[PDB]
There are 8 protein chains.
Amino acid sequence: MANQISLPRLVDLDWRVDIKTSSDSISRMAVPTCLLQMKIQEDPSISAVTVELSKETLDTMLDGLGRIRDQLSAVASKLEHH
Amino acid sequence: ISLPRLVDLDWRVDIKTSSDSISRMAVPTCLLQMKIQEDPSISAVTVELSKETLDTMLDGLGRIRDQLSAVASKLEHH
Amino acid sequence: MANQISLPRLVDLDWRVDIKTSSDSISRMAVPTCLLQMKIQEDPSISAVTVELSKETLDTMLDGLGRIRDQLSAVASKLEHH
Amino acid sequence: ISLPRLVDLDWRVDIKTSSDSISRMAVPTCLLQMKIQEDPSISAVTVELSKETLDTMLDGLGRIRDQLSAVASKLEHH
Amino acid sequence: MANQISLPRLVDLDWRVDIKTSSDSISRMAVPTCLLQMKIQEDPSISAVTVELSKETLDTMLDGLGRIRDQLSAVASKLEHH
Amino acid sequence: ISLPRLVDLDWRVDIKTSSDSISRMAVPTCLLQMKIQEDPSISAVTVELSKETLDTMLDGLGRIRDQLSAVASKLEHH
Amino acid sequence: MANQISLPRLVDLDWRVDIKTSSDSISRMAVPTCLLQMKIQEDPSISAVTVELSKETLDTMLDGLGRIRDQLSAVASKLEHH
Amino acid sequence: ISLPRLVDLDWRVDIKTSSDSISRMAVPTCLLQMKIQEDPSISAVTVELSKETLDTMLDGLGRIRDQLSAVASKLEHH
């Protein structure tokens with residue numbers, strides 16, 4: 001059919017930046033970290049997924065989502081050319 | 001302590017029928033699968049994203065990136 | 001007793017047909033796939049089960065459900081003959 | 001990516017007492033167990049089906065089959 | 001403290017008797033079976049546990065619950081004797 | 001097919017403080033743990049039972065026992 | 001960001017003291033035990049975690065929570081000294 | 001029988017931004033992870049605690065400790 005049913009929807013994205021004790025240092029060295037909360041909905045019935053993100057993990061997420069954006073745009077371009 | 005961590009990101013681009021379109025034009029959609037590890041026992045969160053939701057995601061995560069880098073810098077000079 | 005309690009009930013069946021990139025081809029070859037959503041209810045408390053179906057899996061489902069139909073009809077026939 | 005896939009289908013035909021029947025005639029019922037794999041970690045969805053629900057299921061899945069085959073054909077000639 | 005909090009409560013017990021095809025016979029031999037549904041509540045938030053019971057499993061359940069009854073009565077007897 | 005089956009039954013008798021008693025008399029209570037197998041992957045349902053709830057349980061399960069035996073007998077002579 | 005999102009909140013703590021038969025004695029020797037119920041909330045959506053606690057486990061919990069208190073106070077002290 | 005037992009306790013002290021503060025002063029917070037075993041198959045309950053919630057926790061658990069010790073003593077002399 002058309003798009004009437006669909007996989008869960010990401011409907012909220014929030015975050016917090018904490019300072020914590022690092023694990024890469026023998027001494028008392030503080031390092032930042034992200035707490036990320038995504039709220040996901042099914043078409044009501046909202047769930048929350050909370051993860052802890054480092055800088056490198058965030059950069060990798062950003063690269064991946066950029067590649068997804070590029071693939072979506074290329075498919076849209078091929079679709080507009082019937 | 002071991003908070004849940006995003007350890008993999010996979011995706012697929014599908015083409016589906018549009019529901020709102022008068023011209024019935026097909027539309028691209030992203031199936032996004034995030035793999036979260038908690039510790040083994042990895043879970044998978046699957047969502048469907050449109051282009052606009054992905055763009056907004058990117059904007060928010062870039063803001064997180066900038067804030068994290070600013071805090072890192074202020075910690076280095078502290 | 002009689003049929004007052006009962007196992008969960010299938011109360012909705014919906015689907016979508018997507019075009020995706022195939023895995024059986026080295027080149028860029030598109031293949032269709034089904035997203036099937038079944039809504040299941042307990043006698044209220046509705047849950048959703050979404051699966052991805054290929055053509056062959058769908059044909060096998062159809063064979064199985066046909067065999068179930070045949071067995072139900074044979075049992076009904078034996079029941080009408082006391 | 002690995003969306004959940006139906007990997008097994010099993011069933012049993014029971015005879016139960018009818019609740020609506022004036023004549024108290026016994027009635028056949030199907031216990032249907034679908035095994036869904038996501039990847040190991042297979043889950044099982046169990047439902048009870050009457051003959052009419054099964055018939056409607058069959059009709060819907062046949063419609064899916066026809067639509068899938070039509071899309072396949074239009075992709076081959078595309 | 002006293003008994004203010006408590007483990008989940010069994011708040012409903014229902015069942016059905018089905019006839020099914022047996023597994024102990026090569027031929028078509030029908031055998032009865034029980035579908036048992038227990039409804040369990042937390043002190044609201046009701047859940048349902050459905051199991052399939054054979055005659056022997058039911059007899060064993062009955063023996064176990066009888067032994068529990070005997071132990072509860074013996075403890076009550078010791079409590080009434082301060 | 002493999003419906004969930006009760007495969008173990010364990011219990012403990014505790015003594016707790018009574019909440020309704022004027023005389024504050026202690027009271028026995030049963031912690032009941034049913035182990036259910038579905039197939040490995042056994043789950044555990046824990047409840048708390050009073051003497052009266054246990055008695056009612058026993059009555060209901062005895063009724064199930066009698067009904068099952070009657071159906072068995074009518075199948076043997078069928 | 002600031003503290004707008006947050007991990008689940010502990011919002012209730014209740015308990016009961018039971019007498020049970022001990023496992024360290026061959027004879028009939030009674031021993032106390034704690035049933036502890038913690039109610040945890042997400043910012044609505046309250047869940048209950050019930051555990052059985054022995055005296056030694058409780059003492060260890062108390063030591064751990066005291067160490068947490070000390071670390072929180074030391075961090076607060078370092079924060080007040082800019 | 002095997003009721004769920006708390007088998008590990010881990011924690012982290014973070015510094016976060018305060019939301020109610022006029023002076024925007026940073027504030028310490030505790031991320032607390034309790035590991036519960038039921039029997040293998042250990043689960044993890046994570047909460048965030050402020051200093052006041054921790055103090056109240058400590059008071060309640062100390063009351064439990066005193067009650068448990070009093071019952072132990074009255075059992076020894078029983």
# chains A, B, ... in the order shown; residues from 1 in each chain; ligands from 1

$ closest_atom_pairs --of "chain C" --to "segment 21-42 of chain A" --cutoff "12 Å" --atoms "only C-alpha atoms" --output "JSON lines"
{"residue": "C:37", "atom": "CA", "partner": "A:42", "partner_atom": "CA", "distance": 11.8}
{"residue": "C:47", "atom": "CA", "partner": "A:42", "partner_atom": "CA", "distance": 10.5}
{"residue": "C:48", "atom": "CA", "partner": "A:42", "partner_atom": "CA", "distance": 9.1}
{"residue": "C:49", "atom": "CA", "partner": "A:42", "partner_atom": "CA", "distance": 11.5}
{"residue": "C:50", "atom": "CA", "partner": "A:42", "partner_atom": "CA", "distance": 11.3}

$ residues_around --residues "residue 58 of chain C" --least-positions-apart "3" --cutoff "12 Å" --atoms "only C-alpha atoms" --output "VMD selection string"
(chain C and resid 33 to 36 51 to 55 61 to 65) or (chain D and resid 5 to 9 57 to 58 60 to 69)

$ calpha_fit_and_write --fixed "chain G" --moving "chain E" --output "PDB file with N, CA and C atoms, in the first residue's frame"
ATOM      1  N   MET E   1      23.200  20.884  27.608  1.00  0.00           N
ATOM      2  CA  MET E   1      22.283  21.851  28.197  1.00  0.00           C
ATOM      3  C   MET E   1      22.340  21.826  29.716  1.00  0.00           C
ATOM      4  N   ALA E   2      21.323  22.420  30.333  1.00  0.00           N
ATOM      5  CA  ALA E   2      21.158  22.390  31.778  1.00  0.00           C
ATOM      6  C   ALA E   2      20.501  21.072  32.177  1.00  0.00           C
ATOM      7  N   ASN E   3      20.008  20.998  33.413  1.00  0.00           N
ATOM      8  CA  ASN E   3      19.304  19.808  33.889  1.00  0.00           C
ATOM      9  C   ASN E   3      17.814  19.975  33.603  1.00  0.00           C
ATOM     10  N   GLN E   4      17.433  19.646  32.371  1.00  0.00           N
ATOM     11  CA  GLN E   4      16.030  19.523  31.999  1.00  0.00           C
ATOM     12  C   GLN E   4      15.618  18.069  31.837  1.00  0.00           C
ATOM     13  N   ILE E   5      16.359  17.304  31.033  1.00  0.00           N
ATOM     14  CA  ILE E   5      16.199  15.857  31.040  1.00  0.00           C
ATOM     15  C   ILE E   5      17.032  15.265  32.169  1.00  0.00           C
ATOM     16  N   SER E   6      16.665  14.060  32.579  1.00  0.00           N
ATOM     17  CA  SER E   6      17.363  13.440  33.691  1.00  0.00           C
ATOM     18  C   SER E   6      17.021  11.961  33.726  1.00  0.00           C
ATOM     19  N   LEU E   7      17.927  11.190  34.316  1.00  0.00           N
ATOM     20  CA  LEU E   7      17.730   9.771  34.501  1.00  0.00           C
ATOM     21  C   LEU E   7      16.530   9.534  35.416  1.00  0.00           C
ATOM     22  N   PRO E   8      16.020   8.304  35.472  1.00  0.00           N
ATOM     23  CA  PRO E   8      14.873   8.021  36.346  1.00  0.00           C
ATOM     24  C   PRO E   8      15.114   8.481  37.778  1.00  0.00           C
ATOM     25  N   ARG E   9      14.027   8.860  38.443  1.00  0.00           N
ATOM     26  CA  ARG E   9      14.061   9.376  39.801  1.00  0.00           C
ATOM     27  C   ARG E   9      13.530   8.331  40.774  1.00  0.00           C
ATOM     28  N   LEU E  10      14.246   8.140  41.874  1.00  0.00           N
ATOM     29  CA  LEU E  10      13.727   7.351  42.984  1.00  0.00           C
ATOM     30  C   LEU E  10      12.709   8.193  43.743  1.00  0.00           C
ATOM     31  N   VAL E  11      11.447   7.761  43.754  1.00  0.00           N
ATOM     32  CA  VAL E  11      10.368   8.560  44.326  1.00  0.00           C
ATOM     33  C   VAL E  11       9.644   7.858  45.461  1.00  0.00           C
ATOM     34  N   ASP E  12       9.971   6.606  45.759  1.00  0.00           N
ATOM     35  CA  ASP E  12       9.406   6.026  46.974  1.00  0.00           C
ATOM     36  C   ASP E  12      10.308   4.906  47.463  1.00  0.00           C
ATOM     37  N   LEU E  13      10.374   4.760  48.780  1.00  0.00           N
ATOM     38  CA  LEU E  13      11.143   3.694  49.406  1.00  0.00           C
ATOM     39  C   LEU E  13      10.317   3.144  50.554  1.00  0.00           C
ATOM     40  N   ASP E  14       9.931   1.873  50.463  1.00  0.00           N
ATOM     41  CA  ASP E  14       9.148   1.238  51.511  1.00  0.00           C
ATOM     42  C   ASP E  14       9.727  -0.148  51.760  1.00  0.00           C
ATOM     43  N   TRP E  15       9.296  -0.792  52.844  1.00  0.00           N
ATOM     44  CA  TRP E  15       9.903  -2.062  53.228  1.00  0.00           C
ATOM     45  C   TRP E  15       8.997  -2.802  54.204  1.00  0.00           C
ATOM     46  N   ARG E  16       9.328  -4.075  54.410  1.00  0.00           N
ATOM     47  CA  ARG E  16       8.677  -4.964  55.361  1.00  0.00           C
ATOM     48  C   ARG E  16       9.749  -5.868  55.965  1.00  0.00           C
ATOM     49  N   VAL E  17       9.611  -6.211  57.241  1.00  0.00           N
ATOM     50  CA  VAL E  17      10.496  -7.187  57.873  1.00  0.00           C
ATOM     51  C   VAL E  17       9.719  -8.474  58.094  1.00  0.00           C
ATOM     52  N   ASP E  18      10.206  -9.561  57.499  1.00  0.00           N
ATOM     53  CA  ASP E  18       9.650 -10.896  57.652  1.00  0.00           C
ATOM     54  C   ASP E  18      10.568 -11.758  58.499  1.00  0.00           C
ATOM     55  N   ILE E  19       9.972 -12.752  59.146  1.00  0.00           N
ATOM     56  CA  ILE E  19      10.705 -13.866  59.724  1.00  0.00           C
ATOM     57  C   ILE E  19      10.545 -15.051  58.782  1.00  0.00           C
ATOM     58  N   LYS E  20      11.658 -15.702  58.445  1.00  0.00           N
ATOM     59  CA  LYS E  20      11.637 -16.860  57.564  1.00  0.00           C
ATOM     60  C   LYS E  20      12.512 -17.959  58.151  1.00  0.00           C
ATOM     61  N   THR E  21      12.384 -19.156  57.589  1.00  0.00           N
ATOM     62  CA  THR E  21      13.284 -20.248  57.939  1.00  0.00           C
ATOM     63  C   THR E  21      14.669 -19.976  57.358  1.00  0.00           C
ATOM     64  N   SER E  22      15.705 -20.163  58.171  1.00  0.00           N
ATOM     65  CA  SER E  22      17.063 -19.884  57.727  1.00  0.00           C
ATOM     66  C   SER E  22      17.617 -21.036  56.887  1.00  0.00           C
ATOM     67  N   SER E  23      18.646 -20.721  56.096  1.00  0.00           N
ATOM     68  CA  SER E  23      19.347 -21.719  55.298  1.00  0.00           C
ATOM     69  C   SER E  23      20.695 -22.117  55.884  1.00  0.00           C
ATOM     70  N   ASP E  24      21.184 -21.400  56.896  1.00  0.00           N
ATOM     71  CA  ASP E  24      22.466 -21.704  57.515  1.00  0.00           C
ATOM     72  C   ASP E  24      22.358 -22.711  58.651  1.00  0.00           C
ATOM     73  N   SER E  25      21.158 -23.201  58.953  1.00  0.00           N
ATOM     74  CA  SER E  25      20.943 -24.114  60.068  1.00  0.00           C
ATOM     75  C   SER E  25      20.262 -25.387  59.588  1.00  0.00           C
ATOM     76  N   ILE E  26      20.737 -26.526  60.100  1.00  0.00           N
ATOM     77  CA  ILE E  26      20.087 -27.800  59.817  1.00  0.00           C
ATOM     78  C   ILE E  26      18.743 -27.882  60.530  1.00  0.00           C
ATOM     79  N   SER E  27      18.638 -27.280  61.711  1.00  0.00           N
ATOM     80  CA  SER E  27      17.409 -27.322  62.485  1.00  0.00           C
ATOM     81  C   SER E  27      16.457 -26.218  62.033  1.00  0.00           C
ATOM     82  N   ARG E  28      15.320 -26.124  62.718  1.00  0.00           N
ATOM     83  CA  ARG E  28      14.317 -25.098  62.436  1.00  0.00           C
ATOM     84  C   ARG E  28      14.722 -23.828  63.175  1.00  0.00           C
ATOM     85  N   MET E  29      15.491 -22.979  62.501  1.00  0.00           N
ATOM     86  CA  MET E  29      15.919 -21.714  63.088  1.00  0.00           C
ATOM     87  C   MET E  29      15.407 -20.536  62.263  1.00  0.00           C
ATOM     88  N   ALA E  30      14.681 -19.633  62.914  1.00  0.00           N
ATOM     89  CA  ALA E  30      14.103 -18.489  62.228  1.00  0.00           C
ATOM     90  C   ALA E  30      15.109 -17.348  62.142  1.00  0.00           C
ATOM     91  N   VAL E  31      15.052 -16.609  61.038  1.00  0.00           N
ATOM     92  CA  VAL E  31      15.965 -15.495  60.790  1.00  0.00           C
ATOM     93  C   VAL E  31      15.161 -14.368  60.151  1.00  0.00           C
ATOM     94  N   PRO E  32      15.459 -13.112  60.459  1.00  0.00           N
ATOM     95  CA  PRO E  32      14.751 -12.007  59.811  1.00  0.00           C
ATOM     96  C   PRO E  32      15.313 -11.698  58.430  1.00  0.00           C
ATOM     97  N   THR E  33      14.471 -11.054  57.630  1.00  0.00           N
ATOM     98  CA  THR E  33      14.843 -10.635  56.290  1.00  0.00           C
ATOM     99  C   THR E  33      13.998  -9.424  55.929  1.00  0.00           C
ATOM    100  N   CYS E  34      14.537  -8.591  55.045  1.00  0.00           N
ATOM    101  CA  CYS E  34      13.865  -7.376  54.619  1.00  0.00           C
ATOM    102  C   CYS E  34      13.344  -7.559  53.200  1.00  0.00           C
ATOM    103  N   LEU E  35      12.108  -7.133  52.964  1.00  0.00           N
ATOM    104  CA  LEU E  35      11.594  -6.929  51.617  1.00  0.00           C
ATOM    105  C   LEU E  35      11.575  -5.426  51.364  1.00  0.00           C
ATOM    106  N   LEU E  36      12.359  -4.973  50.389  1.00  0.00           N
ATOM    107  CA  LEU E  36      12.513  -3.559  50.079  1.00  0.00           C
ATOM    108  C   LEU E  36      11.885  -3.263  48.726  1.00  0.00           C
ATOM    109  N   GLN E  37      11.048  -2.239  48.680  1.00  0.00           N
ATOM    110  CA  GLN E  37      10.392  -1.821  47.454  1.00  0.00           C
ATOM    111  C   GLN E  37      10.760  -0.376  47.153  1.00  0.00           C
ATOM    112  N   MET E  38      11.416  -0.167  46.023  1.00  0.00           N
ATOM    113  CA  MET E  38      11.735   1.162  45.531  1.00  0.00           C
ATOM    114  C   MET E  38      10.844   1.500  44.347  1.00  0.00           C
ATOM    115  N   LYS E  39      10.254   2.686  44.375  1.00  0.00           N
ATOM    116  CA  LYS E  39       9.423   3.180  43.289  1.00  0.00           C
ATOM    117  C   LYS E  39      10.186   4.266  42.548  1.00  0.00           C
ATOM    118  N   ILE E  40      10.332   4.071  41.238  1.00  0.00           N
ATOM    119  CA  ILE E  40      11.219   4.846  40.382  1.00  0.00           C
ATOM    120  C   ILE E  40      10.395   5.450  39.253  1.00  0.00           C
ATOM    121  N   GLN E  41      10.605   6.737  38.990  1.00  0.00           N
ATOM    122  CA  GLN E  41       9.784   7.505  38.066  1.00  0.00           C
ATOM    123  C   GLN E  41      10.646   8.128  36.976  1.00  0.00           C
ATOM    124  N   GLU E  42      10.105   8.189  35.761  1.00  0.00           N
ATOM    125  CA  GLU E  42      10.739   8.867  34.635  1.00  0.00           C
ATOM    126  C   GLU E  42       9.966  10.139  34.313  1.00  0.00           C
ATOM    127  N   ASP E  43      10.690  11.235  34.100  1.00  0.00           N
ATOM    128  CA  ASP E  43      10.063  12.511  33.757  1.00  0.00           C
ATOM    129  C   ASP E  43       9.733  12.585  32.271  1.00  0.00           C
ATOM    130  N   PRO E  44       4.610   9.981  36.708  1.00  0.00           N
ATOM    131  CA  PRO E  44       4.347   9.388  35.393  1.00  0.00           C
ATOM    132  C   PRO E  44       5.290   8.232  35.076  1.00  0.00           C
ATOM    133  N   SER E  45       4.734   7.118  34.593  1.00  0.00           N
ATOM    134  CA  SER E  45       5.519   5.944  34.206  1.00  0.00           C
ATOM    135  C   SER E  45       6.330   5.410  35.391  1.00  0.00           C
ATOM    136  N   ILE E  46       5.641   5.192  36.507  1.00  0.00           N
ATOM    137  CA  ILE E  46       6.271   4.705  37.728  1.00  0.00           C
ATOM    138  C   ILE E  46       6.450   3.196  37.645  1.00  0.00           C
ATOM    139  N   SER E  47       7.621   2.716  38.057  1.00  0.00           N
ATOM    140  CA  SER E  47       7.904   1.292  38.145  1.00  0.00           C
ATOM    141  C   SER E  47       8.337   0.945  39.565  1.00  0.00           C
ATOM    142  N   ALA E  48       8.211  -0.332  39.910  1.00  0.00           N
ATOM    143  CA  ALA E  48       8.519  -0.819  41.249  1.00  0.00           C
ATOM    144  C   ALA E  48       9.579  -1.907  41.168  1.00  0.00           C
ATOM    145  N   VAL E  49      10.611  -1.773  41.992  1.00  0.00           N
ATOM    146  CA  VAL E  49      11.707  -2.725  42.086  1.00  0.00           C
ATOM    147  C   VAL E  49      11.700  -3.267  43.508  1.00  0.00           C
ATOM    148  N   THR E  50      11.422  -4.555  43.656  1.00  0.00           N
ATOM    149  CA  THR E  50      11.368  -5.200  44.959  1.00  0.00           C
ATOM    150  C   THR E  50      12.514  -6.195  45.081  1.00  0.00           C
ATOM    151  N   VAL E  51      13.288  -6.077  46.159  1.00  0.00           N
ATOM    152  CA  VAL E  51      14.422  -6.953  46.418  1.00  0.00           C
ATOM    153  C   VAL E  51      14.337  -7.465  47.849  1.00  0.00           C
ATOM    154  N   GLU E  52      14.997  -8.589  48.094  1.00  0.00           N
ATOM    155  CA  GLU E  52      15.136  -9.135  49.436  1.00  0.00           C
ATOM    156  C   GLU E  52      16.536  -8.831  49.946  1.00  0.00           C
ATOM    157  N   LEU E  53      16.614  -8.221  51.131  1.00  0.00           N
ATOM    158  CA  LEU E  53      17.861  -7.762  51.731  1.00  0.00           C
ATOM    159  C   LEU E  53      18.149  -8.508  53.026  1.00  0.00           C
ATOM    160  N   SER E  54      19.390  -8.959  53.165  1.00  0.00           N
ATOM    161  CA  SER E  54      19.935  -9.452  54.417  1.00  0.00           C
ATOM    162  C   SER E  54      20.614  -8.312  55.182  1.00  0.00           C
ATOM    163  N   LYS E  55      20.938  -8.590  56.447  1.00  0.00           N
ATOM    164  CA  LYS E  55      21.598  -7.601  57.295  1.00  0.00           C
ATOM    165  C   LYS E  55      22.929  -7.149  56.701  1.00  0.00           C
ATOM    166  N   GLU E  56      23.749  -8.097  56.240  1.00  0.00           N
ATOM    167  CA  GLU E  56      25.062  -7.750  55.708  1.00  0.00           C
ATOM    168  C   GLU E  56      24.947  -6.957  54.413  1.00  0.00           C
ATOM    169  N   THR E  57      24.046  -7.370  53.519  1.00  0.00           N
ATOM    170  CA  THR E  57      23.812  -6.594  52.307  1.00  0.00           C
ATOM    171  C   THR E  57      23.364  -5.180  52.650  1.00  0.00           C
ATOM    172  N   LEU E  58      22.537  -5.037  53.688  1.00  0.00           N
ATOM    173  CA  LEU E  58      22.082  -3.707  54.080  1.00  0.00           C
ATOM    174  C   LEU E  58      23.238  -2.865  54.610  1.00  0.00           C
ATOM    175  N   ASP E  59      24.119  -3.467  55.415  1.00  0.00           N
ATOM    176  CA  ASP E  59      25.286  -2.740  55.908  1.00  0.00           C
ATOM    177  C   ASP E  59      26.188  -2.302  54.761  1.00  0.00           C
ATOM    178  N   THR E  60      26.364  -3.167  53.764  1.00  0.00           N
ATOM    179  CA  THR E  60      27.183  -2.799  52.617  1.00  0.00           C
ATOM    180  C   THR E  60      26.540  -1.672  51.816  1.00  0.00           C
ATOM    181  N   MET E  61      25.219  -1.721  51.630  1.00  0.00           N
ATOM    182  CA  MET E  61      24.503  -0.633  50.972  1.00  0.00           C
ATOM    183  C   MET E  61      24.764   0.670  51.719  1.00  0.00           C
ATOM    184  N   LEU E  62      24.699   0.599  53.049  1.00  0.00           N
ATOM    185  CA  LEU E  62      24.868   1.803  53.855  1.00  0.00           C
ATOM    186  C   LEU E  62      26.277   2.371  53.713  1.00  0.00           C
ATOM    187  N   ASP E  63      27.295   1.503  53.712  1.00  0.00           N
ATOM    188  CA  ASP E  63      28.665   1.962  53.470  1.00  0.00           C
ATOM    189  C   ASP E  63      28.791   2.633  52.104  1.00  0.00           C
ATOM    190  N   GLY E  64      28.250   1.991  51.066  1.00  0.00           N
ATOM    191  CA  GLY E  64      28.336   2.565  49.732  1.00  0.00           C
ATOM    192  C   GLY E  64      27.669   3.924  49.644  1.00  0.00           C
ATOM    193  N   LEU E  65      26.458   4.033  50.189  1.00  0.00           N
ATOM    194  CA  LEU E  65      25.742   5.301  50.122  1.00  0.00           C
ATOM    195  C   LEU E  65      26.427   6.375  50.957  1.00  0.00           C
ATOM    196  N   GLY E  66      27.076   5.991  52.060  1.00  0.00           N
ATOM    197  CA  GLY E  66      27.879   6.953  52.798  1.00  0.00           C
ATOM    198  C   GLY E  66      29.059   7.469  51.995  1.00  0.00           C
ATOM    199  N   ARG E  67      29.740   6.575  51.270  1.00  0.00           N
ATOM    200  CA  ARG E  67      30.845   7.012  50.418  1.00  0.00           C
ATOM    201  C   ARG E  67      30.351   7.947  49.320  1.00  0.00           C
ATOM    202  N   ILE E  68      29.166   7.665  48.771  1.00  0.00           N
ATOM    203  CA  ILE E  68      28.580   8.559  47.773  1.00  0.00           C
ATOM    204  C   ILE E  68      28.301   9.926  48.381  1.00  0.00           C
ATOM    205  N   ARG E  69      27.743   9.946  49.595  1.00  0.00           N
ATOM    206  CA  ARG E  69      27.498  11.213  50.281  1.00  0.00           C
ATOM    207  C   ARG E  69      28.787  12.003  50.456  1.00  0.00           C
ATOM    208  N   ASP E  70      29.860  11.323  50.864  1.00  0.00           N
ATOM    209  CA  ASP E  70      31.140  12.000  51.045  1.00  0.00           C
ATOM    210  C   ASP E  70      31.659  12.567  49.728  1.00  0.00           C
ATOM    211  N   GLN E  71      31.524  11.813  48.635  1.00  0.00           N
ATOM    212  CA  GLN E  71      32.019  12.316  47.356  1.00  0.00           C
ATOM    213  C   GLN E  71      31.192  13.504  46.873  1.00  0.00           C
ATOM    214  N   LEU E  72      29.872  13.453  47.071  1.00  0.00           N
ATOM    215  CA  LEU E  72      29.028  14.585  46.698  1.00  0.00           C
ATOM    216  C   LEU E  72      29.396  15.827  47.495  1.00  0.00           C
ATOM    217  N   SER E  73      29.659  15.666  48.794  1.00  0.00           N
ATOM    218  CA  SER E  73      30.022  16.820  49.614  1.00  0.00           C
ATOM    219  C   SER E  73      31.385  17.378  49.217  1.00  0.00           C
ATOM    220  N   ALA E  74      32.347  16.506  48.890  1.00  0.00           N
ATOM    221  CA  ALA E  74      33.656  17.004  48.468  1.00  0.00           C
ATOM    222  C   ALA E  74      33.558  17.758  47.144  1.00  0.00           C
ATOM    223  N   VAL E  75      32.740  17.260  46.212  1.00  0.00           N
ATOM    224  CA  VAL E  75      32.570  17.968  44.944  1.00  0.00           C
ATOM    225  C   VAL E  75      31.861  19.302  45.163  1.00  0.00           C
ATOM    226  N   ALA E  76      30.843  19.327  46.029  1.00  0.00           N
ATOM    227  CA  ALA E  76      30.175  20.588  46.343  1.00  0.00           C
ATOM    228  C   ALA E  76      31.145  21.585  46.967  1.00  0.00           C
ATOM    229  N   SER E  77      32.031  21.101  47.840  1.00  0.00           N
ATOM    230  CA  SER E  77      33.039  21.965  48.449  1.00  0.00           C
ATOM    231  C   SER E  77      33.984  22.533  47.398  1.00  0.00           C
ATOM    232  N   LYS E  78      34.445  21.689  46.469  1.00  0.00           N
ATOM    233  CA  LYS E  78      35.319  22.188  45.409  1.00  0.00           C
ATOM    234  C   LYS E  78      34.586  23.163  44.498  1.00  0.00           C
ATOM    235  N   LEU E  79      33.272  22.991  44.332  1.00  0.00           N
ATOM    236  CA  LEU E  79      32.517  23.897  43.471  1.00  0.00           C
ATOM    237  C   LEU E  79      32.327  25.260  44.122  1.00  0.00           C
ATOM    238  N   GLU E  80      32.066  25.287  45.432  1.00  0.00           N
ATOM    239  CA  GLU E  80      31.927  26.565  46.121  1.00  0.00           C
ATOM    240  C   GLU E  80      33.226  27.359  46.129  1.00  0.00           C
ATOM    241  N   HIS E  81      34.369  26.687  46.002  1.00  0.00           N
ATOM    242  CA  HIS E  81      35.664  27.350  45.852  1.00  0.00           C
ATOM    243  C   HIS E  81      35.957  27.453  44.360  1.00  0.00           C
ATOM    244  N   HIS E  82      35.576  28.581  43.767  1.00  0.00           N
ATOM    245  CA  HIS E  82      35.712  28.781  42.327  1.00  0.00           C
ATOM    246  C   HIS E  82      37.174  28.781  41.891  1.00  0.00           C
TER     247      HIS E  82
END

$ atom_distance --atom1 "atom CA of residue 53 of chain F" --atom2 "atom CA of residue 29 of chain F"
10.5 Å

$ atom_distance --atom1 "atom CA of residue 37 of chain D" --atom2 "atom CA of residue 4 of chain D"
5.6 Å

$ atom_distance --atom1 "atom CA of residue 19 of chain F" --atom2 "atom CA of residue 71 of chain H"
17.4 Å

$ select_by_dssp --residues "chain E" --states "strand (DSSP E or B)" --output "number ranges by chain"
E: 9-21, 30-41, 47-53

$ interface_residues --of "chain F" --to "chain G" --cutoff "10 Å" --atoms "only C-alpha atoms" --output "PDB file with C-alpha atoms, in the first residue's frame"
ATOM      1  CA  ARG F  12       8.379 -20.151  51.306  1.00  0.00           C
ATOM      2  CA  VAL F  13       6.292 -19.574  54.418  1.00  0.00           C
ATOM      3  CA  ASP F  14       7.126 -16.280  56.136  1.00  0.00           C
ATOM      4  CA  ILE F  15       5.709 -14.637  59.242  1.00  0.00           C
ATOM      5  CA  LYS F  16       4.843 -10.958  58.860  1.00  0.00           C
ATOM      6  CA  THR F  17       3.165  -8.263  60.913  1.00  0.00           C
ATOM      7  CA  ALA F  26       1.666 -11.930  63.491  1.00  0.00           C
ATOM      8  CA  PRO F  28       1.709 -16.458  58.138  1.00  0.00           C
ATOM      9  CA  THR F  29       2.072 -15.703  54.455  1.00  0.00           C
TER      10      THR F  29
END

$ interface_residues --of "chain F" --to "chain H" --cutoff "9 Å" --atoms "only C-alpha atoms" --output "PyMOL selection string"
chain F and resi 10-12+31-33+46

$ decode --residues "segment 10-14 of chain G" --atoms "N, CA and C atoms" --output "short mmCIF file (atom, residue, chain, number, x, y, z; two decimals), in the first residue's frame"
data_model
loop_
_atom_site.label_atom_id
_atom_site.label_comp_id
_atom_site.auth_asym_id
_atom_site.auth_seq_id
_atom_site.Cartn_x
_atom_site.Cartn_y
_atom_site.Cartn_z
N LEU G 10 14.25 8.14 41.87
CA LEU G 10 13.73 7.35 42.98
C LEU G 10 12.71 8.19 43.74
N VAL G 11 11.45 7.76 43.75
CA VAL G 11 10.37 8.56 44.33
C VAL G 11 9.64 7.86 45.46
N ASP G 12 9.97 6.61 45.76
CA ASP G 12 9.41 6.03 46.97
C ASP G 12 10.31 4.91 47.46
N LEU G 13 10.37 4.76 48.78
CA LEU G 13 11.14 3.69 49.41
C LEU G 13 10.32 3.14 50.55
N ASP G 14 9.93 1.87 50.46
CA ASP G 14 9.15 1.24 51.51
C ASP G 14 9.73 -0.15 51.76
#
